[PDB]
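*Asks:* Got a structure here, written out as structure tokens. Questions coming.
Readers should treat all values here as calculations from the given coordinates under stated rules, not as data from a laboratory. Cβ placement follows ideal geometry from the backbone for every residue including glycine, while neighbour counts extend to all protein chains displayed.
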Amino acid sequence: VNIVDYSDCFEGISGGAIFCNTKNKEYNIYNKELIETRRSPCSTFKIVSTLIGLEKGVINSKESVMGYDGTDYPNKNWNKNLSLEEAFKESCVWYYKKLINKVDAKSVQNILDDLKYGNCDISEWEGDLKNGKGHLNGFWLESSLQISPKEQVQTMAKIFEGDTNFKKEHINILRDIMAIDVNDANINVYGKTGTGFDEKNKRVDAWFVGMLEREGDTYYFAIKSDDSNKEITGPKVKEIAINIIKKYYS
Ligand SMILES: *C(=O)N1C[C@H](NOS(=O)(=O)O)CC[C@H]1C(N)=O
């Protein structure tokens, strides 16, 4: 366990980072207190919900569709019968809500328990209804389910090192759709952003979680901001993570 200083890359935004190489158990941590604090995963839960849907047969391939019903949405790309790969890349809420609502709660509870997915609390299944967004809500979006950045990294490692019961075929679909292009052919980066606002603490939950492969070494990582500035989003935190990877992990 190495405590490190990545503040240069955070460019004044409050947050922390953890990178872990499980082959030589090296654990690089910036802002340990934040890295150990559980927060709503927000859209980073799509990593796990994709695997749940694949395992239960609700979806089967990166082509699979959820039967778009014509409902009007402000994001252009949500207004079509999009595939798993597009719904993941566009963070299409209706697709992933329809997906998860086809799965019984006990199956979800047992998968989260097996993964040690934070507090594994799905009690508020329908999410944070007081925000007025109705069916665009769920237990994983600023609601009952909470996970720390360290736990995210531990979950990512278990999945992608092949230590869960999920099918290898399904792991590879998720690998495929999380691949990121960082304009550096010598590292393979995979990840997913998440964005939420913690109304109780008046701080953002801005995430970028994933993994990095560079010549034999694999690093599992989670970068997290808790800034009070509402302009700090998951996409912004992904920028920060990419700066860290290029400066320290190239
Ligand atoms: C997930 O966190 N969400 C879905 C969507 N995409 O977020 S992301 O750009 O950080 O991946 C919008 C924000 C958020 C939500 N409001 O549900």
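*Asks:* Search region 228-250 for residues that are within 21 Å of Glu213 (Cα to Cα) and pair each with any residue that is among the basic types (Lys, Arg) and within 15 Å of the ligand (Cβ to nearest atom) when their beta-carbon atoms are under 8 Å apart and the residues are at least 6 apart or on different chains.
*Replies:* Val237/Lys224
*Asks:* Going through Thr193, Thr164 one at a time, which residue ends up being in a loop (DSSP other than H, G, I, E, B) and among the hydroxyl-bearing types (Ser, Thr, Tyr)?
*Replies:* Selected residue: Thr164, the only one of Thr193, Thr164 that is in a loop (DSSP other than H, G, I, E, B) and among the hydroxyl-bearing types (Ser, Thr, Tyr).
*Asks:* While we're on this one: State all residues of region 194-215 that are within 11 Å of the ligand (Cβ to nearest atom) and surrounded by fewer than 24 Cβ atoms within 10 Å (Cβ to Cβ); if no residue qualifies, say none. If you could, list the steps in order and put the result at the bottom.
*Replies:* Just the residues of region 194-215 that are within 11 Å of the ligand (Cβ to nearest atom), to begin with: 194-197, 204-209.
Scanning region 194-215 gives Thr195, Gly196, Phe197.
*Asks:* Right, next: Determine which single condition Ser49 fails, assuming it passes every other condition in (1) within 16 Å of the ligand (Cβ to nearest atom); (2) more than 24 Å from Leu145 (Cβ to Cβ).
*Replies:* Against the list (1) within 16 Å of the ligand (Cβ to nearest atom); (2) more than 24 Å from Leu145 (Cβ to Cβ), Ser49 comes up short only on (2).
*Asks:* I'm trying to understand the selection: among the residues of region 67-118, which are buried (at least 19 other Cβ atoms within 10 Å of the Cβ), free of Cβ contacts under 8 Å to residues at least 60 places away in the same chain and in contact with a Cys (Cβ under 9 Å, 6 or more places away or on another chain)?
*Replies:* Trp78, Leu82
*Asks:* For region 149-193, which positions are away from the ligand (no atom under 16 Å from the Cβ) and of a type in the set (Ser, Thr, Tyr)?
*Replies:* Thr155, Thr164
*Asks:* Here's a follow-up. Out of the residues in region 119-145 that are more than 14 Å from the ligand (Cβ to nearest atom) and more than 23 Å from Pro74 (Cα to Cα), state the one that is surrounded by the fewest Cβ atoms within 10 Å (Cβ to Cβ).
*Replies:* So, considering only residues that are more than 14 Å from the ligand (Cβ to nearest atom) and more than 23 Å from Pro74 (Cα to Cα), the one surrounded by the fewest Cβ atoms within 10 Å (Cβ to Cβ) is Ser123.
*Asks:* Now for a different question. Based on what the data block shows, is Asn81 out of contact with any strand residue (DSSP E or B) (no Cβ under 7 Å at 6 or more places or on another chain), within 13 Å of the ligand (Cβ to nearest atom), of a type outside the set (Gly, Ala, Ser) and farther than 18 Å from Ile47 by Cα?
*Replies:* So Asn81 does not fit the description; no.
*Asks:* State all residues of region 58-97 that are β-branched (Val, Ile, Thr) and within 26 Å of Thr233 (Cβ to Cβ); if no residue qualifies, say none.
*Replies:* Within region 58-97, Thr71, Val93 qualify.
*Asks:* So, one more: Could you look through region 52-66, keep only residues that are without any contact (Cβ under 8 Å) to a residue 60 or more places away in the chain and over 22 Å from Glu124 (Cβ atoms), and pick out the one that is surrounded by the most Cβ atoms within 10 Å (Cβ to Cβ)?
*Replies:* Among those that are without any contact (Cβ under 8 Å) to a residue 60 or more places away in the chain and over 22 Å from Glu124 (Cβ atoms), it is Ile59.
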